[PDB]
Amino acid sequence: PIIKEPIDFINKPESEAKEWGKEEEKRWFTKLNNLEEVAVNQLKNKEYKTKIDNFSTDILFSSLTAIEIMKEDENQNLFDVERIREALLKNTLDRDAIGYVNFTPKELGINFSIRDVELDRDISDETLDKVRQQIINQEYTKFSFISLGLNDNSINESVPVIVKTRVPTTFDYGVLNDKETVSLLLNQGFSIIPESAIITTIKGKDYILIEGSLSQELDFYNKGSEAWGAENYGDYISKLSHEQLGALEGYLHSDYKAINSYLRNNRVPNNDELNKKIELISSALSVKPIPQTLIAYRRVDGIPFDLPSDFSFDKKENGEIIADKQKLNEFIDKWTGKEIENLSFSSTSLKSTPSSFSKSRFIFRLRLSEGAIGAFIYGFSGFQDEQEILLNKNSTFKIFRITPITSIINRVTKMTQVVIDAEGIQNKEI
């Protein structure tokens, strides 16, 4: 008995959301130690929140070596991230919560304009339809902590989309306060999946209002998961023919240079014996197709983009190395929506940042869908630490978002890099 309502402060007095917020902050803080409190409290300053959010993203795409160097150097940014995560784990929702998640159009893979008409204040149905066709049922990951603004004061008027969602009861949360807005803080790594969108008018301005489902795409970032390989590809070798296993072993140890060249050159000159091997490798890789949807990583240099190998997104300003924004913007603008081919078999890993690829700055964050032709290389000598998933030849991807990051390479070295979210599409014809 007594029907329980979700936390929903939309269209309620700001003073009610603020006082709920102060109270919720007080309840939260009784469960935290002093170092958690200091790390959470600093989030009141919008500069440090932006800085800690960006850092929380950076470390997912930094090598475990680099993370360990930071921990042993007592890096306070890393400790702060850790303490905020820890604070969040102590505090769970007793009700669903409704509000607005902090995604801008860029973070939904949208680089085109939204308010196109009447002196850039109104939105065309044509544009709404374009946004719908691109975003509905796509999945967009918030790598950092995600913020849920609880009323209309959280809406930035210059940002022409609003993403509204519901957070389920039992989820971990914190509460943050400035003068006029109240927000929940949730864990890193949630995604939004847009389900619908409409044009709405709020206080005299037009927005695309997107209803989005909160989601969790299986993804191990830099930690990887050997367990995922063992559980899904434990019996893999037991299912291969002697011929499949020999061909795949050959590919992994001694044949790969020749097979990769042959496929990358459209099989010219013809070579019947590579044709046999290749057929067997594709065959082996179809024996146990990827069983659920997950993220796998492939780090590359500039060459796939027709750029110099050592293309760099970093420039010097008063001797400080910072991102070159105009290069990031150019690249994001051009490559969002483009397809990327793999004429040979291609290697990925469940680990985002194997330290031998730490300087390859083009990070493919590949959605491997259920049924994709590929295999985790589990059970093969010399391949325990790679956490390789080998993809079938002609695995074609479409890029749907590109997110700039700052990867931490070592104590003295940071590099601007890009996380390229891509999805599987029809094998490129050949």
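In this text, residue numbers run from 1 along the sequence as written.
Averaged over CA atoms, B-factors in the entry run higher in 263-271 than in the other of 263-271 and 163-171.
Higher mean CA B-factor, judged across 293-301 and 178-186 from the recorded values: 178-186. Across the options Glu37, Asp58, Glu370, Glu388, the residue with the most elevated CA B-factor in the record is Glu37.
Each of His253, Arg83, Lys142, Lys334 has a CA temperature factor in the record; the biggest one is found at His253. In the deposited entry, the Cα temperature factor of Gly379 sits in the middle third of values across the chain's modelled residues. Ranked against the other modelled residues of its chain, the C-alpha B-factor of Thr200 as given in the entry falls in the highest third. Per the deposited record, the Cα B-factor of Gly319 falls in the highest third when ranked against the other modelled residues of its chain. Annotation for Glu249: CA B-factor lies in the highest third of the chain's modelled residues. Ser395: CA B factor lies in the middle third for its chain, per the PDB record.
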